[PDB]
file input-v1.txt (compact mmCIF, C-alpha atoms and all ligand atoms)
# COMPACT_ATOMS: atom_id res chain seq x y z
CA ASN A 46 129.48 108.57 136.46
CA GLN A 47 127.18 111.53 136.03
CA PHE A 48 124.46 108.76 136.65
CA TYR A 49 121.47 108.64 139.05
CA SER A 50 118.75 105.96 139.61
CA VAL A 51 114.99 106.17 139.58
CA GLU A 52 112.49 103.34 140.09
CA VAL A 53 110.32 102.67 137.05
CA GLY A 54 107.70 99.99 137.05
CA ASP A 55 109.26 97.02 138.93
CA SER A 56 112.81 97.93 137.87
CA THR A 57 115.49 100.60 138.35
CA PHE A 58 116.66 102.87 135.58
CA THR A 59 120.16 104.20 136.02
CA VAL A 60 120.61 107.06 133.57
CA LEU A 61 122.80 110.05 132.77
CA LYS A 62 122.02 113.21 134.87
CA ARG A 63 121.01 114.93 131.63
CA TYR A 64 117.79 112.82 131.36
CA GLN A 65 115.31 114.13 133.94
CA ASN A 66 111.60 113.52 134.89
CA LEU A 67 111.59 109.90 133.77
CA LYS A 68 108.03 108.83 133.12
CA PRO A 69 106.83 105.30 132.05
CA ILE A 70 105.09 105.30 128.65
CA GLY A 71 103.22 102.78 126.37
CA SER A 72 103.48 98.94 126.65
CA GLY A 73 106.66 97.66 128.36
CA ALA A 74 106.39 94.21 126.82
CA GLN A 75 109.73 94.53 125.01
CA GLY A 76 111.73 96.60 127.51
CA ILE A 77 110.54 99.52 129.67
CA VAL A 78 110.40 102.84 127.84
CA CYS A 79 110.31 106.21 129.60
CA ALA A 80 109.61 109.75 128.42
CA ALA A 81 112.31 112.14 129.67
CA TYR A 82 113.62 115.65 129.34
CA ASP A 83 117.14 115.77 127.83
CA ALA A 84 118.73 118.94 129.36
CA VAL A 85 121.74 118.74 127.07
CA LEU A 86 119.64 118.62 123.88
CA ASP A 87 116.92 120.64 125.62
CA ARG A 88 114.30 118.31 124.11
CA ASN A 89 112.13 115.45 125.23
CA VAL A 90 113.35 111.95 124.30
CA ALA A 91 112.27 108.34 124.92
CA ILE A 92 114.70 106.00 126.84
CA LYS A 93 114.37 102.26 126.50
CA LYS A 94 116.08 99.89 128.97
CA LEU A 95 116.79 96.56 127.19
CA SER A 96 115.34 93.74 129.25
CA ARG A 97 118.02 91.33 130.44
CA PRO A 98 120.15 91.50 127.28
CA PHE A 99 122.27 88.59 128.62
CA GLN A 100 119.64 86.25 129.96
CA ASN A 101 120.28 83.89 126.99
CA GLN A 102 121.10 83.53 123.31
CA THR A 103 117.64 84.80 122.28
CA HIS A 104 117.72 87.93 124.44
CA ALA A 105 121.32 88.70 123.37
CA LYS A 106 120.72 88.25 119.55
CA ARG A 107 117.66 90.37 119.97
CA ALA A 108 119.62 93.07 121.92
CA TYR A 109 122.38 93.04 119.32
CA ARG A 110 119.91 93.28 116.32
CA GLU A 111 117.93 96.10 117.90
CA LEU A 112 120.96 98.20 118.82
CA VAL A 113 122.92 97.68 115.55
CA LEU A 114 119.87 98.20 113.27
CA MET A 115 118.84 101.23 115.24
CA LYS A 116 122.32 102.77 114.82
CA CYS A 117 122.57 101.84 111.11
CA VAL A 118 119.04 102.40 109.81
CA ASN A 119 118.10 105.90 108.93
CA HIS A 120 114.64 106.61 107.48
CA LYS A 121 111.64 108.95 108.18
CA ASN A 122 109.42 105.97 109.05
CA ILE A 123 111.87 104.19 111.39
CA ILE A 124 112.51 105.48 114.88
CA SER A 125 115.74 107.54 115.34
CA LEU A 126 118.45 106.63 117.87
CA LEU A 127 119.85 109.74 119.66
CA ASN A 128 122.12 108.06 122.16
CA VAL A 129 123.23 104.70 123.65
CA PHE A 130 124.80 104.10 127.00
CA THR A 131 125.42 101.77 129.90
CA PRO A 132 125.99 102.78 133.59
CA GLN A 133 128.81 100.18 133.79
CA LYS A 134 132.43 100.98 133.33
CA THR A 135 134.02 97.73 132.17
CA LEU A 136 133.06 94.52 130.27
CA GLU A 137 133.20 92.42 133.46
CA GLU A 138 130.67 94.63 135.18
CA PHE A 139 128.54 95.23 131.93
CA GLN A 140 124.85 94.22 132.22
CA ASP A 141 122.52 97.08 131.11
CA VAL A 142 121.92 98.86 127.76
CA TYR A 143 119.88 102.10 127.35
CA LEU A 144 118.63 103.40 123.98
CA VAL A 145 117.55 107.06 123.79
CA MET A 146 115.19 107.78 120.88
CA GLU A 147 113.10 110.74 119.65
CA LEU A 148 109.84 110.95 121.55
CA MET A 149 106.53 110.36 119.73
CA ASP A 150 103.07 111.01 121.13
CA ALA A 151 101.41 107.56 121.14
CA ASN A 152 101.51 104.03 119.70
CA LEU A 153 98.98 102.70 117.10
CA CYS A 154 96.87 101.11 119.88
CA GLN A 155 95.54 104.55 120.81
CA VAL A 156 94.94 105.69 117.14
CA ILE A 157 92.99 102.41 116.45
CA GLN A 158 90.63 103.32 119.34
CA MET A 159 89.49 106.56 117.61
CA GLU A 160 86.89 106.72 114.84
CA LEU A 161 88.01 105.80 111.34
CA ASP A 162 88.91 108.27 108.65
CA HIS A 163 90.10 107.38 105.15
CA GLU A 164 92.67 110.14 104.80
CA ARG A 165 94.28 109.44 108.16
CA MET A 166 94.18 105.67 107.62
CA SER A 167 95.71 105.66 104.18
CA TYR A 168 98.42 108.05 105.41
CA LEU A 169 99.23 105.77 108.40
CA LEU A 170 99.38 102.69 106.13
CA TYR A 171 101.42 104.45 103.44
CA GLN A 172 104.12 105.33 106.00
CA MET A 173 103.96 101.80 107.41
CA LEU A 174 104.62 100.46 103.88
CA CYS A 175 107.46 102.99 103.31
CA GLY A 176 109.17 101.92 106.51
CA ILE A 177 108.70 98.23 105.71
CA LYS A 178 109.93 98.72 102.17
CA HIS A 179 113.04 100.53 103.41
CA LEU A 180 113.70 97.63 105.90
CA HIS A 181 113.32 95.09 103.06
CA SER A 182 115.77 96.95 100.81
CA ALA A 183 118.28 96.76 103.65
CA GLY A 184 117.71 92.94 103.90
CA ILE A 185 115.62 93.28 107.06
CA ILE A 186 112.43 91.29 107.32
CA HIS A 187 110.48 92.20 110.48
CA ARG A 188 107.89 89.45 111.14
CA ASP A 189 106.49 90.90 114.39
CA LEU A 190 104.80 94.16 113.45
CA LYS A 191 101.99 95.16 115.72
CA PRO A 192 100.24 98.32 116.85
CA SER A 193 102.25 98.74 120.04
CA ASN A 194 105.70 98.77 118.24
CA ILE A 195 104.46 101.44 115.86
CA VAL A 196 104.45 105.02 117.20
CA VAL A 197 102.90 108.29 116.00
CA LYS A 198 103.03 112.04 116.58
CA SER A 199 99.79 114.06 116.85
CA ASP A 200 100.40 115.23 113.25
CA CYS A 201 100.15 111.51 112.22
CA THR A 202 103.73 111.05 111.16
CA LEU A 203 104.50 107.34 111.94
CA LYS A 204 107.67 105.51 112.87
CA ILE A 205 108.39 101.80 113.28
CA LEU A 206 109.77 101.17 116.75
CA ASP A 207 111.70 97.98 116.32
CA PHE A 208 113.21 95.46 113.95
CA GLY A 209 111.30 92.32 114.93
CA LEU A 210 112.31 88.65 115.16
CA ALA A 211 115.94 87.70 115.41
CA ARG A 227 100.21 85.92 118.32
CA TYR A 228 97.54 88.16 116.72
CA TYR A 229 99.53 89.87 113.91
CA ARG A 230 101.60 86.93 112.85
CA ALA A 231 101.56 85.73 109.30
CA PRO A 232 100.19 82.19 108.74
CA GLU A 233 103.61 80.93 107.46
CA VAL A 234 105.40 82.25 110.56
CA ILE A 235 102.86 80.64 112.86
CA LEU A 236 102.81 77.36 110.87
CA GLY A 237 106.67 77.23 110.75
CA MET A 238 107.05 77.27 107.01
CA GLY A 239 109.44 79.45 104.92
CA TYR A 240 108.93 83.24 104.98
CA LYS A 241 109.71 86.04 102.47
CA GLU A 242 109.16 89.80 102.32
CA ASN A 243 105.34 89.70 102.12
CA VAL A 244 105.23 88.14 105.58
CA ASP A 245 105.01 91.77 106.76
CA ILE A 246 102.03 92.48 104.44
CA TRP A 247 99.99 90.08 106.51
CA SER A 248 100.67 92.13 109.72
CA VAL A 249 99.67 95.41 107.93
CA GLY A 250 96.40 93.78 106.82
CA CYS A 251 95.70 92.80 110.46
CA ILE A 252 96.39 96.35 111.67
CA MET A 253 94.27 97.96 108.87
CA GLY A 254 91.38 95.56 109.47
CA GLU A 255 91.57 96.38 113.18
CA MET A 256 91.49 100.12 112.38
CA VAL A 257 88.18 99.34 110.61
CA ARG A 258 86.71 96.77 113.19
CA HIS A 259 88.26 98.49 116.31
CA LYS A 260 88.57 94.79 117.31
CA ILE A 261 91.58 92.50 116.84
CA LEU A 262 90.67 90.45 113.76
CA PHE A 263 92.24 87.23 114.95
CA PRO A 264 91.95 86.77 118.71
CA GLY A 265 93.26 83.27 119.27
CA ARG A 266 92.75 82.29 122.91
CA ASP A 267 95.72 79.98 122.11
CA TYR A 268 98.20 79.32 119.31
CA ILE A 269 95.93 76.65 117.74
CA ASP A 270 92.54 78.36 118.14
CA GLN A 271 94.26 81.37 116.51
CA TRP A 272 94.38 79.35 113.29
CA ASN A 273 90.70 78.39 113.58
CA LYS A 274 89.86 82.11 113.85
CA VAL A 275 91.84 82.92 110.72
CA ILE A 276 90.12 80.29 108.49
CA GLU A 277 86.69 80.77 110.07
CA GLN A 278 86.81 84.32 108.77
CA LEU A 279 88.94 83.85 105.64
CA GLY A 280 88.20 80.19 104.70
CA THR A 281 90.31 77.04 104.29
CA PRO A 282 93.21 77.57 101.89
CA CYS A 283 93.78 75.45 98.84
CA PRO A 284 95.47 71.99 99.08
CA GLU A 285 98.55 73.60 97.44
CA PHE A 286 99.04 75.76 100.50
CA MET A 287 98.77 72.65 102.77
CA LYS A 288 101.37 70.73 100.76
CA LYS A 289 103.99 73.33 101.90
CA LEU A 290 103.49 72.40 105.60
CA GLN A 291 105.68 69.96 107.52
CA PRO A 292 104.03 66.49 108.11
CA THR A 293 102.69 67.12 111.67
CA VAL A 294 101.35 70.58 110.75
CA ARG A 295 99.79 69.43 107.41
CA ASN A 296 98.17 66.55 109.12
CA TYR A 297 96.38 68.86 111.59
CA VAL A 298 95.53 71.54 108.98
CA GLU A 299 94.07 69.45 106.10
CA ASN A 300 91.94 67.07 108.14
CA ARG A 301 89.77 69.87 109.57
CA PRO A 302 86.19 70.89 108.66
CA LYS A 303 86.56 72.89 105.43
CA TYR A 304 85.49 76.61 105.88
CA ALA A 305 84.19 78.78 103.08
CA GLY A 306 84.93 81.92 105.07
CA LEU A 307 83.26 85.23 104.61
CA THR A 308 83.63 87.66 101.77
CA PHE A 309 85.40 90.93 102.52
CA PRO A 310 82.16 93.03 102.26
CA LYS A 311 80.71 90.77 104.99
CA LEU A 312 83.96 90.78 106.95
CA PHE A 313 83.96 94.60 106.84
CA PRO A 314 80.35 95.85 106.44
CA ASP A 315 79.19 99.24 105.12
CA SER A 316 78.33 100.31 108.70
CA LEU A 317 82.01 100.33 109.69
CA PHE A 318 82.88 103.01 107.08
CA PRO A 319 81.84 106.51 106.22
CA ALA A 320 78.77 106.48 103.90
CA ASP A 321 76.50 108.87 101.95
CA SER A 322 78.94 110.39 99.44
CA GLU A 323 80.47 109.05 96.17
CA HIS A 324 83.93 109.70 97.75
CA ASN A 325 83.07 107.60 100.82
CA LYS A 326 81.63 104.64 99.00
CA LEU A 327 84.70 104.71 96.74
CA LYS A 328 87.08 104.70 99.69
CA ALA A 329 85.03 101.95 101.37
CA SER A 330 85.57 99.73 98.32
CA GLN A 331 89.27 100.63 97.85
CA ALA A 332 89.92 99.75 101.55
CA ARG A 333 88.08 96.45 101.30
CA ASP A 334 89.85 95.69 98.07
CA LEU A 335 93.27 96.33 99.66
CA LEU A 336 92.25 94.29 102.76
CA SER A 337 91.36 91.38 100.47
CA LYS A 338 94.90 91.33 98.94
CA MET A 339 96.73 91.74 102.23
CA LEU A 340 94.72 89.20 104.26
CA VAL A 341 95.65 86.22 102.12
CA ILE A 342 96.78 83.05 104.05
CA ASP A 343 98.91 81.69 101.15
CA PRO A 344 101.98 84.01 100.88
CA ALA A 345 102.27 82.99 97.19
CA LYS A 346 98.97 84.81 96.50
CA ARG A 347 99.36 87.78 98.74
CA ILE A 348 100.10 91.26 97.42
CA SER A 349 103.72 92.61 97.54
CA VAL A 350 104.87 95.75 99.31
CA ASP A 351 105.60 97.49 95.96
CA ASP A 352 102.07 96.68 94.81
CA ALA A 353 100.25 97.76 98.00
CA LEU A 354 102.05 101.14 97.71
CA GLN A 355 100.81 101.48 94.10
CA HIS A 356 97.28 100.56 95.26
CA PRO A 357 94.60 103.31 94.60
CA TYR A 358 93.84 103.50 98.39
CA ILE A 359 97.50 104.35 99.27
CA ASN A 360 99.11 105.88 96.12
CA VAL A 361 97.43 109.27 96.64
CA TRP A 362 100.49 109.79 98.89
CA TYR A 363 103.26 109.05 96.35
CA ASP A 364 105.70 111.95 95.65
CA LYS A 378 129.24 93.55 108.36
CA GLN A 379 126.93 92.58 111.28
CA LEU A 380 126.28 88.89 112.18
CA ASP A 381 122.72 87.59 111.52
CA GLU A 382 123.86 84.07 110.60
CA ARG A 383 125.75 82.76 113.59
CA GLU A 384 125.05 81.65 117.08
CA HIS A 385 127.55 83.01 119.70
CA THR A 386 128.24 82.37 123.42
CA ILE A 387 126.79 84.80 125.96
CA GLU A 388 130.23 86.23 126.62
CA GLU A 389 130.89 86.82 122.92
CA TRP A 390 127.45 88.52 122.69
CA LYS A 391 128.38 90.65 125.69
CA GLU A 392 131.58 91.82 123.93
CA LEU A 393 129.81 92.33 120.60
CA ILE A 394 127.08 94.40 122.29
CA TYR A 395 129.49 96.28 124.59
CA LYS A 396 131.67 97.57 121.71
CA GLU A 397 128.52 98.56 119.89
CA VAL A 398 127.55 100.49 123.11
CA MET A 399 131.01 102.18 123.41
CA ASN A 400 131.57 103.19 119.77
CA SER A 401 128.79 105.88 119.54
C1 LIG B 501 106.90 113.79 128.00
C2 LIG B 501 106.53 114.71 129.19
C3 LIG B 501 107.79 115.47 129.66
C4 LIG B 501 105.98 113.85 130.35
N1 LIG B 501 105.51 115.68 128.76
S1 LIG B 501 105.28 115.59 127.06
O1 LIG B 501 104.06 116.61 126.60
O2 LIG B 501 106.68 116.02 126.29
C5 LIG B 501 104.84 113.88 126.60
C6 LIG B 501 104.41 112.89 127.69
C7 LIG B 501 104.04 111.45 127.30
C8 LIG B 501 104.11 111.01 125.84
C9 LIG B 501 103.74 109.57 125.46
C10 LIG B 501 102.59 108.86 126.18
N2 LIG B 501 102.22 107.44 125.80
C11 LIG B 501 102.99 106.73 124.72
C12 LIG B 501 102.61 105.29 124.34
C13 LIG B 501 103.40 104.56 123.23
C14 LIG B 501 104.56 105.27 122.50
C15 LIG B 501 104.93 106.71 122.89
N3 LIG B 501 106.02 107.39 122.20
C16 LIG B 501 107.29 106.70 122.00
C17 LIG B 501 107.49 105.29 122.59
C18 LIG B 501 108.80 104.58 122.39
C19 LIG B 501 109.90 105.24 121.61
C20 LIG B 501 109.69 106.64 121.03
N4 LIG B 501 108.38 107.36 121.24
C21 LIG B 501 104.14 107.45 124.00
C22 LIG B 501 104.50 108.87 124.38
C23 LIG B 501 104.54 112.00 124.75
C24 LIG B 501 104.91 113.44 125.14

call {"tool": "encode", "arguments": {"input": "input-v1.txt", "output": "structure tokens"}}
result
Amino acid sequence: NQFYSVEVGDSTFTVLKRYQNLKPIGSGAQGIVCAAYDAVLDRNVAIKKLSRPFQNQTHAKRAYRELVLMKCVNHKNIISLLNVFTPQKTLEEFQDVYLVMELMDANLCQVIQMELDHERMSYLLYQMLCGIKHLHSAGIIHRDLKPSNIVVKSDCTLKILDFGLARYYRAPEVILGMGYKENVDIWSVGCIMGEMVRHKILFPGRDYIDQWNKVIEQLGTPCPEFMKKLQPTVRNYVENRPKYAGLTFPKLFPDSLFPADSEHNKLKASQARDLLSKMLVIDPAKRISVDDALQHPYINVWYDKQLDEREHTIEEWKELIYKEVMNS
């Protein structure tokens, strides 16, 4: 005990007395997050309620990954865990997990709405690449980066909110069910950057199939060598489609979208387009690496024991998560 309940959205948060003035913030698509005052720390914090951690295998794996990686990862561009708790006293009774994190000011959705500047943008992308690089060195490949799981303070420091997969920003190979590697996450960063420039989602598929049409309408049909890596049913569909030439990157991202009328501006316009052209590459074999995008002229101005293999039963996930909850 020392718990009380407050209604938040359609659910009930039960939290430690220390966390006061619970207020719903951002998208709740991946669990409800509240802003709160922590009276013990005397600071504001964010509290996420995990959404039905034991509804199934998928939810439980995802709950385990998120909690474990959030305890174990420590990096300036990755959200910090402050606390973890459950209102329930025993394993039998155990159903809810709460993560308390440092509070940021907004997600990238709100920053994309505002006008574009080069210095801000390259700083946001730099930090995105630092976070992603740090994840990759730890063996973590995300796969589901998007503006609403990236958060920012008013000073423009950026943190990645989550750890992704145990849709508009998804790499071609992920969507098409082929192998994936590190640079899967480069595709998502290209989508976000392009959207910072267009202020429009680049690839708005009104379904999972139309999505693909939107990609190659703008970028063009990939080479036959890309299509040879697809499973039979997917290759069939992909290669027997009207061939698209796509648009060049200057057409995809016109002069009117960028600051103009200074040598500096026209330079940064080209450096941004150039970067865009190496991130938004359908074939992962041809797409720039994280190390390379960080060394890119647009960005480099800023240079200075846990099961992922196995399936488990819900009860074994419950115990694995619970002990993770109880041991700090
Ligand atoms: C927090 C109270 C006590 C209400 N006043 S405040 O000035 O400290 C403050 C209020 C709201 C936010 C706020 C609003 N919208 C957000 C949308 C997405 C992500 C956020 N930050 C966040 C989201 C998840 C995990 C960690 N940080 C948001 C914060 C930040 C400070």

call {"tool": "atom_distance", "arguments": {"input": "input-v1.txt", "atom1": "CA of residue 346 (chain A)", "atom2": "CA of residue 228 (chain A)"}}
result
20.5 Å

call {"tool": "closest_residue", "arguments": {"input": "input-v1.txt", "among": "A:194, A:164, A:109, A:172", "to": "ligand LIG 501 (chain B)", "atoms": "all atoms listed in the file"}}
result
A:194

call {"tool": "atom_distance", "arguments": {"input": "input-v1.txt", "atom1": "CA of residue 159 (chain A)", "atom2": "CA of residue 203 (chain A)"}}
result
16.1 Å

call {"tool": "closest_atom_pairs", "arguments": {"input": "input-v1.txt", "of": "chain A", "to": "ligand LIG 501 (chain B)", "cutoff": "6 Å", "atoms": "all atoms listed in the file", "output": "CSV"}}
result
residue,atom,partner,partner_atom,distance
A:70,CA,B:LIG501,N2,4.6
A:71,CA,B:LIG501,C12,3.3
A:78,CA,B:LIG501,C18,5.9
A:80,CA,B:LIG501,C1,4.9
A:81,CA,B:LIG501,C3,5.6
A:82,CA,B:LIG501,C3,5.8
A:89,CA,B:LIG501,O2,5.6
A:91,CA,B:LIG501,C20,5.0
A:146,CA,B:LIG501,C20,5.6
A:147,CA,B:LIG501,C20,5.5
A:148,CA,B:LIG501,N4,3.9
A:149,CA,B:LIG501,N4,3.8
A:150,CA,B:LIG501,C23,4.0
A:151,CA,B:LIG501,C21,4.0
A:152,CA,B:LIG501,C13,4.0
A:196,CA,B:LIG501,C14,5.3

call {"tool": "atom_distance", "arguments": {"input": "input-v1.txt", "atom1": "CA of residue 238 (chain A)", "atom2": "CA of residue 211 (chain A)"}}
result
16.1 Å

call {"tool": "residues_around", "arguments": {"input": "input-v1.txt", "residues": "residue 327 (chain A)", "least_positions_apart": "6", "cutoff": "12 Å", "atoms": "only C-alpha atoms", "output": "PDB file with C-alpha atoms, keeping the file's coordinate frame"}}
result
ATOM      1  CA  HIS A 163      90.100 107.380 105.150  1.00  0.00           C
ATOM      2  CA  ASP A 315      79.190  99.240 105.120  1.00  0.00           C
ATOM      3  CA  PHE A 318      82.880 103.010 107.080  1.00  0.00           C
ATOM      4  CA  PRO A 319      81.840 106.510 106.220  1.00  0.00           C
ATOM      5  CA  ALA A 320      78.770 106.480 103.900  1.00  0.00           C
ATOM      6  CA  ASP A 321      76.500 108.870 101.950  1.00  0.00           C
ATOM      7  CA  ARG A 333      88.080  96.450 101.300  1.00  0.00           C
ATOM      8  CA  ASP A 334      89.850  95.690  98.070  1.00  0.00           C
ATOM      9  CA  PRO A 357      94.600 103.310  94.600  1.00  0.00           C
ATOM     10  CA  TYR A 358      93.840 103.500  98.390  1.00  0.00           C
TER      11      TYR A 358
END

call {"tool": "residues_around", "arguments": {"input": "input-v1.txt", "residues": "residue 99 (chain A)", "least_positions_apart": "3", "cutoff": "7 Å", "atoms": "all atoms listed in the file", "output": "list in words"}}
result
residues 104, 105 and 387 of chain A

call {"tool": "closest_residue", "arguments": {"input": "input-v1.txt", "among": "A:227, A:301, A:289, A:116", "to": "residue 277 (chain A)", "atoms": "only C-alpha atoms"}}
result
A:301

call {"tool": "residues_near_point", "arguments": {"input": "input-v1.txt", "point": "(109.5, 70.3, 108.1)", "cutoff": "8 Å", "atoms": "all atoms listed in the file", "output": "JSON, numbers by chain"}}
result
{"A": [237, 238, 290, 291, 292]}

call {"tool": "closest_residue", "arguments": {"input": "input-v1.txt", "among": "A:143, A:240, A:229, A:363", "to": "residue 171 (chain A)", "atoms": "all atoms listed in the file"}}
result
A:363

call {"tool": "closest_residue", "arguments": {"input": "input-v1.txt", "among": "A:155, A:85, A:74, A:106", "to": "residue 382 (chain A)", "atoms": "only C-alpha atoms"}}
result
A:106

call {"tool": "residues_near_point", "arguments": {"input": "input-v1.txt", "point": "(89.1, 97.6, 109.2)", "cutoff": "12 Å", "atoms": "all atoms listed in the file", "output": "PyMOL selection string"}}
result
chain A and resi 157-158+160-163+166-167+170+249-262+309-319+329-337+339-340

call {"tool": "residues_around", "arguments": {"input": "input-v1.txt", "residues": "residue 349 (chain A)", "least_positions_apart": "5", "cutoff": "12 Å", "atoms": "all atoms listed in the file", "output": "ChimeraX atom specification"}}
result
/A:174,177-178,181,241-247,249-250,335,338-341,344,354-356

call {"tool": "closest_residue", "arguments": {"input": "input-v1.txt", "among": "A:176, A:307, A:269, A:209", "to": "residue 236 (chain A)", "atoms": "all atoms listed in the file"}}
result
A:269

call {"tool": "closest_residue", "arguments": {"input": "input-v1.txt", "among": "A:57, A:400, A:72, A:271", "to": "residue 192 (chain A)", "atoms": "only C-alpha atoms"}}
result
A:72

call {"tool": "residues_around", "arguments": {"input": "input-v1.txt", "residues": "residue 142 (chain A)", "least_positions_apart": "5", "cutoff": "7 Å", "atoms": "all atoms listed in the file", "output": "mmCIF file with C-alpha atoms, in the coordinates of the input"}}
result
data_model
loop_
_atom_site.group_PDB
_atom_site.id
_atom_site.type_symbol
_atom_site.label_atom_id
_atom_site.label_comp_id
_atom_site.auth_asym_id
_atom_site.auth_seq_id
_atom_site.Cartn_x
_atom_site.Cartn_y
_atom_site.Cartn_z
ATOM 1 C CA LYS A 94 116.080 99.890 128.970
ATOM 2 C CA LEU A 95 116.790 96.560 127.190
ATOM 3 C CA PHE A 130 124.800 104.100 127.000
ATOM 4 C CA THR A 131 125.420 101.770 129.900
#

call {"tool": "residues_around", "arguments": {"input": "input-v1.txt", "residues": "residue 282 (chain A)", "least_positions_apart": "6", "cutoff": "8 Å", "atoms": "all atoms listed in the file", "output": "PyMOL selection string"}}
result
chain A and resi 276+342-343
